[PDB]
**Student:** 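The structure is given below, and queries will be raised subsequently.
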Amino acid sequence: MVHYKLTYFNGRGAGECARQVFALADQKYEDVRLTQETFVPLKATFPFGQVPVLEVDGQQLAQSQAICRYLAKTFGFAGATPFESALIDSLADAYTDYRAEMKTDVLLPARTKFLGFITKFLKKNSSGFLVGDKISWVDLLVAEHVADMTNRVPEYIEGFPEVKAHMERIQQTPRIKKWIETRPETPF
Amino acid sequence: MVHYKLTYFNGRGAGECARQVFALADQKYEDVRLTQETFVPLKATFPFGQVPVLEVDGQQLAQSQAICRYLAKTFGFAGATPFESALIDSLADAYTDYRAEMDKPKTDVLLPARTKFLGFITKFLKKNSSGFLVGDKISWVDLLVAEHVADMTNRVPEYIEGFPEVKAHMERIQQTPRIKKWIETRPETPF
C-alpha cells in the first residue's frame with residue numbers, strides 16, 4: 001500500500017493541516033514528531049533544512065502548503081475545477097500573509113482585515129464552505145486557526161458570525177471532530 | 001475566446017511570473033499597469049485589497065503564486081504528474097521564504113540568504129539531467145527563479161559567483177525564445 005510519512009515537531013503548528021487532510025481522507029500515515037533538540041542535527045536531511053516534510057513511498061516533499069495541497073488533490077479536497085483549486089490557493093496565500101503581519105495591538109487589526117476578506121467569500125457561497133460546494137484544505141486551515149485564536153483570545157470572533165459558523169461547521173465534520181478529540185494535546 | 005486580464009503595478013514585481021507564463025504559452029492577455037493613483041479607488045474591488053489580480057472571463061483570482069500556478073496548470077507548465085507539481089510548489093514556497101530573509105544589506109543579508117537558497121536550488125538542478133528544476137520540461141518555478149537570479153545578478157554581479165548551475169539555468173530559461181522575446185519587449189521599470 002502507498003506509504004505516507006509526515007515529519008514535524010510535536011505540536012499542531014505547520015504540520016496540522018496535513019494531518020487533518022489525512023483524517024478527512026481516512027488515510028493511514030506515519031506521524032513522526034520531532035523535538036527541537038532532535039530536529040536540529042537532522043536539518044540537512046530535509047530538502048530546505050526545515051520541517052514539515054512528507055514522504056510518499058520514500059520520496060520527500062517539503063513545505064507545509066505544498067504538502068497540504070498535494071494531499072488535498074490526492075484525496076479530493078482541493079476543489080472541483082482548476083479555478084476552484086486556484087481560489088482555495090488564493091485564500092490560503094491570504095492566510096499566510098495575515099499570519100506574517102502578526103508579526104491586542106497586532107492581533108486585533110490583523111484579524112479584522114483578514115476576517116473581512118474571508119467573510120466576503122463565505123457570504124457569496126451558499127454552501128457554507130469558503131470555495132465551491134465541498135470542504136477543502138483551506139477550510140481546515142482557516143477553521144483550525146480561528147478555533148485556536150478564539151480559544152486564546154475569546155473576542156477574536158466577535159463581529160464575524162459567518163466565520164464563527166464556518167469554524168464550528170468545519171470542526172464538527174465527523175472525521176475532523178474525531179481527530180481533534182484524539183490527537184495529542186500540545187501547547188502549539 | 002477565453003479572456004485574461006492581469007492587473008498589477010507598472011513593474012515586474014509580483015506580476016511578472018504570470019506575464020512570463022502567458023508569454024511562454026503564447027497567450028494574449030490584457031496587461032493592466034496601474035499607477036498608485038488609479039489603484040487607490042480600485043483597492044476595495046480586489047479580493048484581498050491588493051494586486052496582482054487576474055480575471056478569467058471576468059472572474060477574479062488574487063495572489064501571485066495562486067495566479068501563476070493556475071496559469072501554469074492551464075498551459076502545461078506545472079509538471080507532468082501530481083508529485084512533480086507539488087515539488088514545483090515546494091520550490092516556489094522555498095523562494096518565498098528566501099525573499100522574506102532577504103551595499104550593507106548586500107553583504108549582511110543578500111549574500112548569506114542567497115548562499116542558503118542557491119545551495120538548495122543547486123541540489124535540485126544537479127539531480128535532474130534536464131536542466132530544469134523539476135522534471136523534464138520548463139515550469140513556472142523555473143521562470144520565477146531565473147527572473148529573480150537575473151534581476152539580482154544585474155544589481156549585484158557577485159550574486160551568481162559560486163553557483164554556475166544556477167547561472168546556466170538562468171540563461172537557459174531567459175533565452176527560451178518566447179521568454180527572450182518578452183524580456184526584450186517588456187516595459188523597462190525599476191522593479
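Residue numbers start from 1 in every chain, and the chains themselves are labelled A, B, ... in the order their sequence lines are given, proteins ahead of strands. When reading the values below, keep in mind they use all heavy atoms of this one structure, side chains included, and skip hydrogens, waters and symmetry mates.
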**Student:** Side chain, backbone, both or neither: which part of B:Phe117 has a heavy atom under 4.5 Å from chain A?
**Tutor:**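 Neither the backbone nor the side chain of B:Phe117 comes within 4.5 Å of chain A.
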**Student:** Of all the heavy-atom pairs spanning B:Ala62 and A:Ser90, show the shortest one and how long it is.
**Tutor:**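 Looks like O-CB, 3.2 Å.
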**Student:** Under 4.5 Å between side-chain heavy atoms, counting indirect links through other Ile/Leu/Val/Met/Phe/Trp/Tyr residues: same cluster for B:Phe124 and B:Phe77 or not?
**Tutor:**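 Yes, it is one cluster - the side chains of B:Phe124 and B:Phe77 are joined through contacts under 4.5 Å.
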**Student:** Quick one: CZ on B:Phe83 to CG on A:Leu54, what's the gap to the nearest 0.5 Å?
**Tutor:**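 So the CZ of B:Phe83 and the CG of A:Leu54 are separated by 7.0 Å.
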**Student:** Please list, in residue-number order, every residue in residues 35-52 of chain A that has a heavy atom less than 4.5 Å from any heavy atom of chain B; write 'none' if there are none.
**Tutor:**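 A:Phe46, A:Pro47, A:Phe48, A:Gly49, A:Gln50 fall under the 4.5 Å cut-off.
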**Student:** Looking at CG of B:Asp93 and OG1 of A:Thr96, how far apart are the two atoms once the value is rounded to the nearest 0.5 Å?
**Tutor:**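 Between B:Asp93 CG and A:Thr96 OG1, I get 8.5 Å after rounding to 0.5 Å.
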**Student:** Quick check: do A:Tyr70 and B:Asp89 have side-chain heavy atoms less than 4.5 Å from each other?
**Tutor:**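 Heavy-atom side-chain distance check fails, nothing below 4.5 Å.
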**Student:** When you look at CG of A:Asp105, are more than 12 heavy atoms from neighbouring residues, nucleotides or ligands closer to it than 6.0 Å?
**Tutor:**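 No, CG of A:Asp105 has 12 or fewer neighbouring heavy atoms, counting only those of other groups under 6.0 Å.
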**Student:** Quick check: is A:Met149 connected to A:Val106 through a chain of hydrophobic side chains (ILVMFWY, heavy atoms under 4.5 Å apart)?
**Tutor:**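 Yes; tracing contacts between hydrophobic side chains, which count when under 4.5 Å, links both residues.
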**Student:** Take atom CG in B:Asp136; do more than 12 heavy atoms of anything else shown fall under 6.0 Å from it?
**Tutor:**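 Not buried by this count: 12 neighbours or fewer within 6.0 Å.
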**Student:** With side chains defined as the heavy atoms from C-beta onward, is the minimum distance between B:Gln63 and A:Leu91 less than 4.5 Å?
**Tutor:**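 Result no, sub-4.5 Å side-chain heavy-atom pair not found.
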**Student:** Which bit of B:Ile88 is near chain A, if near means a heavy-atom gap under 4.5 Å: side chain, backbone, both or neither?
**Tutor:**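 Answer is neither: B:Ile88 stays 4.5 Å or more from chain A.
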**Student:** If you count the non-hydrogen atoms of other residues, nucleotides and ligands that lie under 6.0 Å from CG in B:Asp103, is the total more than 12?
**Tutor:**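 Not buried by this count: 12 neighbours or fewer within 6.0 Å.
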**Student:** Out of A:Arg69, A:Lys113, A:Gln65, which one racks up the most heavy-atom pairs below 4.5 Å with chain B?
**Tutor:**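 Greatest number of close heavy-atom pairs with chain B: A:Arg69.
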**Student:** For A:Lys177, I'd like to know if atom NZ has over 12 heavy atoms of other residues, nucleotides or ligands within 6.0 Å.
**Tutor:**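 Atom NZ in A:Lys177 is not packed in, count stays at 12 or less.
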**Student:** Around atom NZ of A:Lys28, are there more than 12 heavy atoms of other residues, nucleotides or ligands at under 6.0 Å?
**Tutor:**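 Counting other residues, nucleotides and ligands, NZ of A:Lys28 stays at 12 neighbours or fewer.
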**Student:** Give the cluster check for A:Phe9 versus A:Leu141: same hydrophobic cluster or not, with ILVMFWY residues linked at side-chain heavy-atom distances below 4.5 Å.
**Tutor:**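 No, it is not one cluster - the side chains of A:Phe9 and A:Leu141 are not joined through contacts under 4.5 Å.
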**Student:** Give the minimum heavy-atom separation between B:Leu87 and A:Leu61, together with the two atoms involved.
**Tutor:**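 Answer, listing the atom of B:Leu87 first, then A:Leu61: N-CD1, 3.8 Å.
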**Student:** Quick one: what part of A:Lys73 sits under 4.5 Å from any heavy atom of chain B, side chain, backbone, both or neither?
**Tutor:**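 Side chain only.
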**Student:** Answer yes or no: does atom CG of B:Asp108 have more than 12 heavy-atom neighbours from other residues, nucleotides or ligands under 6.0 Å?
**Tutor:**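 More than 12 heavy atoms, drawn from other residues, nucleotides or ligands, come within 6.0 Å of this atom.
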**Student:** Given the rule that I, L, V, M, F, W and Y join up when any side-chain heavy atoms are under 4.5 Å apart, are A:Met167 and A:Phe117 in one cluster?
**Tutor:**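 Shared cluster, yes.
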**Student:** Is B:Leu34 linked to B:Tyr4 within one hydrophobic cluster, defined over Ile, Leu, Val, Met, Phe, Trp and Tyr using a side-chain heavy-atom separation of less than 4.5 Å?
**Tutor:**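 No, separate clusters.
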